[PDB]
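Before any comments, here is the structure.
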Amino acid sequence: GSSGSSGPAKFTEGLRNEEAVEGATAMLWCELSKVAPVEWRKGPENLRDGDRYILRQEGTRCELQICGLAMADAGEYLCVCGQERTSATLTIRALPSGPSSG
């Protein structure tokens with residue numbers, strides 16, 4: 001926090017529940033009152049800028065991509081930023097693997 005603006009960050013839009021398909025890459029983004037290092041987490045689990053987890057930040061907006069979705073992923077994701085934090089609810093859709101219909 002050097003050469004910026006004194007004070008923590010505040011979620012302007014916040015997270016938002018969503019859904020997806022098994023095997024696909026979910027999409028969760030959240031804006032803030034200023035560019036700050038956020039921390040993506042999932043309840044008992046812990047996410048971070050890694051391989052399977054494609055994290056990105058173009059500024060006051062943080063984009064999160066979960067490579068390899070599954071029934072598990074479906075739950076509640078939280079994003080910690082500064083002194084604030086938000087939560088959301090993701091929904092997974094079992095792949096059509098098998099019964100060809102859609």
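Naming works like this for the structure tokens: A, B, ... for the chains as they're shown, residue 1 at the start of each chain, ligands 1 onward in shown order.
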Quick one: everything within 12 Å of residue 56 (chain A), counting only C-alpha atoms, minus sequence neighbours fewer than 3 positions away in the same chain. Send it as a PDB file with N, CA, C and O atoms, in the first residue's frame.
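Saved file out.pdb follows:
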```pdb
ATOM      1  N   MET A  27     -17.001 -18.451 -13.165  1.00  0.00           N
ATOM      2  CA  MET A  27     -16.563 -17.069 -13.314  1.00  0.00           C
ATOM      3  C   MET A  27     -17.100 -16.202 -12.179  1.00  0.00           C
ATOM      4  O   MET A  27     -18.293 -15.905 -12.123  1.00  0.00           O
ATOM      5  N   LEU A  28     -16.211 -15.801 -11.276  1.00  0.00           N
ATOM      6  CA  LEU A  28     -16.597 -14.970 -10.141  1.00  0.00           C
ATOM      7  C   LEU A  28     -15.734 -13.713 -10.070  1.00  0.00           C
ATOM      8  O   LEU A  28     -14.512 -13.794  -9.947  1.00  0.00           O
ATOM      9  N   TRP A  29     -16.379 -12.554 -10.144  1.00  0.00           N
ATOM     10  CA  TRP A  29     -15.670 -11.281 -10.086  1.00  0.00           C
ATOM     11  C   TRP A  29     -16.276 -10.369  -9.025  1.00  0.00           C
ATOM     12  O   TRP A  29     -17.428 -10.545  -8.627  1.00  0.00           O
ATOM     13  N   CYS A  30     -15.493  -9.397  -8.570  1.00  0.00           N
ATOM     14  CA  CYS A  30     -15.954  -8.459  -7.552  1.00  0.00           C
ATOM     15  C   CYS A  30     -15.168  -7.153  -7.622  1.00  0.00           C
ATOM     16  O   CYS A  30     -13.940  -7.160  -7.702  1.00  0.00           O
ATOM     17  N   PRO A  37      -5.134  -6.179  -2.883  1.00  0.00           N
ATOM     18  CA  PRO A  37      -4.947  -7.632  -2.934  1.00  0.00           C
ATOM     19  C   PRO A  37      -6.056  -8.385  -2.207  1.00  0.00           C
ATOM     20  O   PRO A  37      -6.167  -8.315  -0.983  1.00  0.00           O
ATOM     21  N   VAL A  38      -6.873  -9.104  -2.969  1.00  0.00           N
ATOM     22  CA  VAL A  38      -7.974  -9.872  -2.396  1.00  0.00           C
ATOM     23  C   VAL A  38      -7.558 -11.315  -2.133  1.00  0.00           C
ATOM     24  O   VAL A  38      -6.489 -11.750  -2.560  1.00  0.00           O
ATOM     25  N   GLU A  39      -8.411 -12.051  -1.428  1.00  0.00           N
ATOM     26  CA  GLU A  39      -8.131 -13.446  -1.107  1.00  0.00           C
ATOM     27  C   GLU A  39      -9.381 -14.305  -1.278  1.00  0.00           C
ATOM     28  O   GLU A  39     -10.335 -14.191  -0.507  1.00  0.00           O
ATOM     29  N   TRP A  40      -9.369 -15.162  -2.292  1.00  0.00           N
ATOM     30  CA  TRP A  40     -10.501 -16.039  -2.565  1.00  0.00           C
ATOM     31  C   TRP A  40     -10.447 -17.287  -1.688  1.00  0.00           C
ATOM     32  O   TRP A  40      -9.400 -17.921  -1.562  1.00  0.00           O
ATOM     33  N   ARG A  48      -6.396 -19.629  -4.015  1.00  0.00           N
ATOM     34  CA  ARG A  48      -5.364 -18.621  -4.228  1.00  0.00           C
ATOM     35  C   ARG A  48      -4.831 -18.681  -5.656  1.00  0.00           C
ATOM     36  O   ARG A  48      -5.035 -19.666  -6.365  1.00  0.00           O
ATOM     37  N   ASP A  49      -4.149 -17.619  -6.072  1.00  0.00           N
ATOM     38  CA  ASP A  49      -3.585 -17.551  -7.415  1.00  0.00           C
ATOM     39  C   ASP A  49      -2.646 -18.726  -7.672  1.00  0.00           C
ATOM     40  O   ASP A  49      -1.463 -18.672  -7.341  1.00  0.00           O
ATOM     41  N   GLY A  50      -3.185 -19.790  -8.261  1.00  0.00           N
ATOM     42  CA  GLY A  50      -2.383 -20.963  -8.551  1.00  0.00           C
ATOM     43  C   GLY A  50      -2.620 -21.497  -9.950  1.00  0.00           C
ATOM     44  O   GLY A  50      -3.087 -20.771 -10.829  1.00  0.00           O
ATOM     45  N   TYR A  53      -6.352 -22.684 -10.175  1.00  0.00           N
ATOM     46  CA  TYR A  53      -7.083 -21.452  -9.904  1.00  0.00           C
ATOM     47  C   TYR A  53      -6.480 -20.279 -10.672  1.00  0.00           C
ATOM     48  O   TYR A  53      -5.452 -19.727 -10.277  1.00  0.00           O
ATOM     49  N   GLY A  59      -7.361  -4.206 -11.703  1.00  0.00           N
ATOM     50  CA  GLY A  59      -7.526  -3.000 -10.911  1.00  0.00           C
ATOM     51  C   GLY A  59      -8.505  -3.184  -9.769  1.00  0.00           C
ATOM     52  O   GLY A  59      -8.341  -4.079  -8.938  1.00  0.00           O
ATOM     53  N   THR A  60      -9.527  -2.335  -9.725  1.00  0.00           N
ATOM     54  CA  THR A  60     -10.534  -2.406  -8.674  1.00  0.00           C
ATOM     55  C   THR A  60     -11.428  -3.629  -8.851  1.00  0.00           C
ATOM     56  O   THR A  60     -12.320  -3.880  -8.041  1.00  0.00           O
ATOM     57  N   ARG A  61     -11.181  -4.386  -9.914  1.00  0.00           N
ATOM     58  CA  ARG A  61     -11.965  -5.583 -10.197  1.00  0.00           C
ATOM     59  C   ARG A  61     -11.081  -6.827 -10.184  1.00  0.00           C
ATOM     60  O   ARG A  61     -10.024  -6.857 -10.815  1.00  0.00           O
ATOM     61  N   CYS A  62     -11.521  -7.852  -9.461  1.00  0.00           N
ATOM     62  CA  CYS A  62     -10.770  -9.098  -9.364  1.00  0.00           C
ATOM     63  C   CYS A  62     -11.549 -10.252  -9.986  1.00  0.00           C
ATOM     64  O   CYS A  62     -12.666 -10.554  -9.569  1.00  0.00           O
ATOM     65  N   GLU A  63     -10.951 -10.892 -10.986  1.00  0.00           N
ATOM     66  CA  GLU A  63     -11.592 -12.011 -11.667  1.00  0.00           C
ATOM     67  C   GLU A  63     -11.023 -13.341 -11.181  1.00  0.00           C
ATOM     68  O   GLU A  63      -9.809 -13.494 -11.033  1.00  0.00           O
ATOM     69  N   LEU A  64     -11.907 -14.301 -10.931  1.00  0.00           N
ATOM     70  CA  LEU A  64     -11.494 -15.618 -10.460  1.00  0.00           C
ATOM     71  C   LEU A  64     -12.018 -16.714 -11.382  1.00  0.00           C
ATOM     72  O   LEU A  64     -13.212 -16.771 -11.679  1.00  0.00           O
ATOM     73  N   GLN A  65     -11.118 -17.584 -11.830  1.00  0.00           N
ATOM     74  CA  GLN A  65     -11.491 -18.679 -12.717  1.00  0.00           C
ATOM     75  C   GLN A  65     -11.100 -20.025 -12.115  1.00  0.00           C
ATOM     76  O   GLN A  65      -9.922 -20.286 -11.868  1.00  0.00           O
ATOM     77  N   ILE A  66     -12.094 -20.874 -11.881  1.00  0.00           N
ATOM     78  CA  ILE A  66     -11.853 -22.193 -11.309  1.00  0.00           C
ATOM     79  C   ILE A  66     -11.798 -23.262 -12.394  1.00  0.00           C
ATOM     80  O   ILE A  66     -12.833 -23.738 -12.863  1.00  0.00           O
TER      81      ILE A  66
END
```
So that I can see what lies close to residue 72 (chain A), please list as an MDAnalysis selection string the residues with an atom at most 12 Å from it, counting only C-alpha atoms and leaving out residues fewer than 5 positions away in the same chain.
chainID A and resid 21:23 42:43 45 66 77 90:94
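For the atom pair formed by CA of residue 55 (chain A) and CA of residue 69 (chain A), the distance is 14.9 Å, given to one decimal.
All residues of protein, DNA or RNA that reach within 7 Å of residue 89 (chain A), judged by only C-alpha atoms and not counting those fewer than 3 positions away in the chain, are residues 17, 18, 75, 76 and 77 of chain A.
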As a PyMOL selection string, list the residues of region 63-98 of chain A assigned to strand (DSSP E) by DSSP on the backbone atoms of this structure.
chain A and resi 63-66+76-81+84-93
If we count only C-alpha atoms and set the cut-off at 7 Å, which residues sit around residue 67 (chain A), ignoring sequence neighbours fewer than 3 positions away in its own chain? Please answer as JSON, numbers by chain.
{"A": [24, 25, 52, 53]}
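A straight line drawn from CA of residue 68 (chain A) to CA of residue 12 (chain A) is 28.7 Å long.
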